[PDB]
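Visitor: This one's experimental. Sequence and coordinates below.
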Amino acid sequence: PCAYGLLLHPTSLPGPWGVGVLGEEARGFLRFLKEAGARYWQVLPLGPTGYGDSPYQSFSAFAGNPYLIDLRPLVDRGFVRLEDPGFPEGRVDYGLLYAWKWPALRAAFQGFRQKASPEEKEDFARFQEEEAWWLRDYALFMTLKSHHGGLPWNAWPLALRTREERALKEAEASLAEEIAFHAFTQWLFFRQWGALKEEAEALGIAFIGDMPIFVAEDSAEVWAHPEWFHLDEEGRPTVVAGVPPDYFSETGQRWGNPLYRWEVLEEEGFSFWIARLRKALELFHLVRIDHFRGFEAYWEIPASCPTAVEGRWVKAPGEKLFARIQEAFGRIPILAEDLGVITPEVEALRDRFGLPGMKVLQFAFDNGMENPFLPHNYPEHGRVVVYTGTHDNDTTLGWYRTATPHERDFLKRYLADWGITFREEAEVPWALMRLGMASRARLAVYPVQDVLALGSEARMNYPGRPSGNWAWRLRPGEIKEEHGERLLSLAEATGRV
Ligand SMILES: O[C@H]1[C@@H](O)[C@@H](O)[C@@H](O)[C@@H](O)[C@H]1O
Ligand SMILES: O[C@H]1[C@@H](O)[C@@H](O)[C@@H](O)[C@@H](O)[C@H]1O
């Protein structure tokens, strides 16, 4: 029973200009966290997003999401003048945010080139030089994507798709301004996050980052390093990621993400992963990795297959990779997302390296006392993270409302065994958060929607649903001291303060 933190993607922060940003409201959430006894702030992947707006399908495994840039500081410097397009409240309007914030950032870039001090123009220069190894490909990637009507890289003219030496240099020369712009967006993002990170550290708060084990097909790194992935000559994946048919899905899941050529990454001492983790550790203190099981083995699906039925398991060099990580960083600040159908082999790898696993209370009541998500079954070392629900789950109140008769009843009886009782429906989220903090899990993390006991409309992501995801936002003044105080109380009572 060491500590607890809260889960809130930066986009959910309240504030003007269409979305949560790395500014004052963000710093405000830090104070809230501090005064609430919280010691962790978990977020979703922070890279640039494409269609669907999912943080797990980023245009780059290294880049930073421009949408998170707080335009206010840039306004205070005279680089740009802002006028609101009519953004709504409590939700992100991505369509509108795209049409507005990009030109907004572009305009602010012109202000910078004409009013930036030497120390500013110099810093921007150092940044471009130091992050060049990935920044160069990223900036050109985005630029070329705009220049081609948003077409995916493997749909661009042969010369550019195959990254021919000449074509690249020419494009890189006749679009140096757009390329500089994108680099500018990155410069702001990392500098703004950096400030926020130091802030959190001074308050004694650690950041729990996130990253999908597999990258997106249409992204800077796949374009610039196709040797690391199973692609044909046209740049199209010959096999895609996914999971096999299980008790639930009768056809399994076909994600479409490109699969790694593990043999190639190994011959290079897993350079990609080390670089990927090094860059994440610049932003986070702990890094959760989605679909951890992939390091043990992954389900390879023929690209020509419409479902996941035709796949097969393929072992991945997990042991070697983590051994390498251990030596590279002298530690392994990884957080294993081991939800779903896991095997003894996956647990073996996870445990063998002392990596903490996950526990989701919303999944603990559809069976009997042997459910590994029920608190009494948590490993004695308590090296695990308990959640009421994650971003992919409905809010706890929303889950409760639709849960089966068995789950609802078992929930009550189980809570009772722990001296926890509830009357009102809106009380459920707190009963579970309480159960979480009372457990052996050294760390408990809760999404803010549960702290506010919001219903299903505040659900961050609904797997399978083709819209309305990643949009939920706290409304101004919605979260209040009242909530922080109640959390502090619960944390003190369980010894997590
Ligand atoms: O490392 C320490 C230790 O575990 C303490 O018993 C307590 O839990 C602290 O908060 C921290 O976690
Ligand atoms: O007020 C805002 C923010 O909420 C924090 O208080 C930060 O430290 C600054 O004061 C900022 O201007």
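Guide: Thanks, I have it. Numbers count the residues shown, from 1 in each chain. Ligands and ions are numbered 1, 2, ... in the order given.
Visitor: Residue in the stretch 301-450 of the chain with the shortest distance to ligand 2?
Guide: Going by Cβ to the nearest ligand atom, ligand 2 is nearest to residue 448 of the stretch 301-450 of the chain, at 16.8 Å. Where C-beta positions appear, they are placed from N, C-alpha and C, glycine not excepted.
Visitor: Do I have it right that that residue meets residue 9?
Guide: No - using Cβ atoms under 8 Å, residue 448 is not in contact with residue 9; the gap is 9.5 Å.
Visitor: about what we covered before: and for the residue of the stretch 301-450 of the chain closest to ligand 2, nearest residue in space, chain neighbours not counted?
Guide: residue 8 (4.7 Å; Cβ to Cβ, 6 or more residues apart in numbering).
Visitor: Residue 468 versus the one you found, what's the distance?
Guide: To residue 468, residue 8 is 18 Å away according to Cβ to Cβ, to the nearest Å.
Visitor: now check the helix or strand containing residue 490, is it near ligand 2?
Guide: Residue 490 belongs to helix 481-493 when elements are defined using DSSP states H and E. No - using Cβ under 6 Å from any ligand atom, helix 481-493 never reaches ligand 2; the gap is at least 13.9 Å.
Visitor: Of all the residues in that helix, which ones are buried?
Guide: By neighbour count on 16 or more other Cβ atoms under 10 Å, the buried set for helix 481-493 is 483, 484, 487, 488, 490, 491.
Visitor: How about stretch 325-339?
Guide: So, applying 16+ other Cβ under 10 Å, buried residues of stretch 325-339: 325, 328, 332, 333, 334, 335, 336, 337, 338, 339.
Visitor: First-to-last residue distance for it?
Guide: Length of stretch 325-339, first residue to last, Cα to Cα, to the nearest Å: 23 Å.
Visitor: roughly how far out does it sit from the chain middle?
Guide: Relative to the centre of its chain, stretch 325-339 is centred 16 Å away, using Cα atoms, centre = their mean, to the nearest Å.
Visitor: now the buried residues of stretch 325-339 in a markdown table, with distance to ligand 2?
Guide: Shown next, in a markdown table, are those (distance: Cβ to the nearest ligand atom, whole Å):
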| residue | distance to ligand 2 |
| --- | --- |
| 325 | 35 |
| 328 | 35 |
| 332 | 33 |
| 333 | 27 |
| 334 | 31 |
| 335 | 28 |
| 336 | 34 |
| 337 | 32 |
| 338 | 36 |
| 339 | 35 |
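Visitor: hang on, the earlier thing: doesn't residue 43 make contact with the residue nearest to residue 448?
Guide: Yes - counting by Cβ under 8 Å, residue 8 does reach residue 43; the two are 7.0 Å apart.
Visitor: Compare neighbour counts for the two and give me the winner.
Guide: Neighbours were counted for residue 8 and for residue 43 using other Cβ atoms under 10 Å; residue 8 has more, 27 against 21.
Visitor: which residues touch the more buried one?
Guide: Counting by Cβ atoms under 8 Å, 6 or more residues apart in numbering, residue 8 touches 29, 41, 42, 43, 447, 448, 474.
Visitor: Could you pick out which of those are located in strands?
Guide: Among those, the ones falling in strands (DSSP state E) are 41, 42, 447.
Visitor: Just put those residues in JSON lines and tack on neighbour count.
Guide: JSON lines is the format used below for the ones in strands among the contacts of residue 8 (neighbours: other Cβ atoms under 10 Å):
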{"residue": "41", "neighbour count": "25"}
{"residue": "42", "neighbour count": "26"}
{"residue": "447", "neighbour count": "27"}
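Visitor: Switch these over to TSV, and while doing so, append distance to residue 238 to every line.
Guide: Formatted as TSV, those follow (distance: Cβ to Cβ, whole Å):
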residue	distance to residue 238
41	40
42	35
447	38
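Visitor: hey, where'd the strands end up in the protein?
Guide: 3-7, 40-42, 206-212, 239-243, 253-258, 286-290, 297-302, 312-315, 334-336, 357-360, 384-387, 443-447.
Visitor: Residue 124: which of the ones you listed is closest?
Guide: Closest to residue 124 of the strands of the chain is strand 206-212 (Cβ to Cβ; 24.6 Å).
Visitor: helices or strands next to the closest one in the packing?
Guide: strand 40-42, helix 176-202, helix 271-280, strand 286-290 (3 or more Cβ pairs under 8 Å, 6 or more residues apart in numbering; DSSP states H and E).
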